[PDB]
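K.L.:
experimental structure and its sequence below.
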Amino acid sequence: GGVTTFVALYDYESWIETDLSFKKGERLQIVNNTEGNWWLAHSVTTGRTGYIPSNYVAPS
């Protein structure tokens with residue numbers, strides 16, 4: 001629901017077109033949701049926005 005800043009725990013490479021790539025340690029602003037583990041995220045590093053798998057991140 002809200003926005004929180006998360007940190008990536010592992011590298012991740014976009015491969016479903018709508019997902020966002022990131023590197024371990026990268027900070028992501030994320031809107032969590034309860035429908036599943038794909039969350040809409042925004043990289044403060046790259047400026048890009050897209051879905052991430054929530055098991056790859058943790059709150060900062």
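P.N.:
It's in. Residues are numbered from 1 along each chain as shown.

K.L.:
gap between the spatially most distant residue from the centre of the chain and residue 1?
P.N.:
Taking Cα atoms, centre = their mean as the measure, the residue most remote from the mean C-alpha position of the chain is residue 35, 15.5 Å away. Computed as Cβ to Cβ, to the nearest Å, the residue 35 to residue 1 distance reads 11 Å. All C-beta spots, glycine's among them, are computed from the backbone N, C-alpha and C.

K.L.:
for the chain, just list every one of the strands.
P.N.:
If DSSP state E is used as the criterion, the strands of the chain fall at 3-8, 27-31, 38-43, 49-53, 57-59.

K.L.:
buried ones in the shortest one?
P.N.:
Yep, that's strand 57-59 we're talking about. Within strand 57-59, the residues that qualify as buried by neighbour count (16 or more other Cβ atoms under 10 Å) are residue 57.

K.L.:
got the contact list for it?
P.N.:
If you take Cβ atoms under 8 Å, 6 or more residues apart in numbering as the criterion, strand 57-59 is touched by 4, 5, 6, 7, 8, 9, 28, 30, 41.

K.L.:
what bridges to the third one?
P.N.:
This means residue 6. Here residue 6 sits in beta bridges with residue 28, residue 59, as judged by DSSP bridges.
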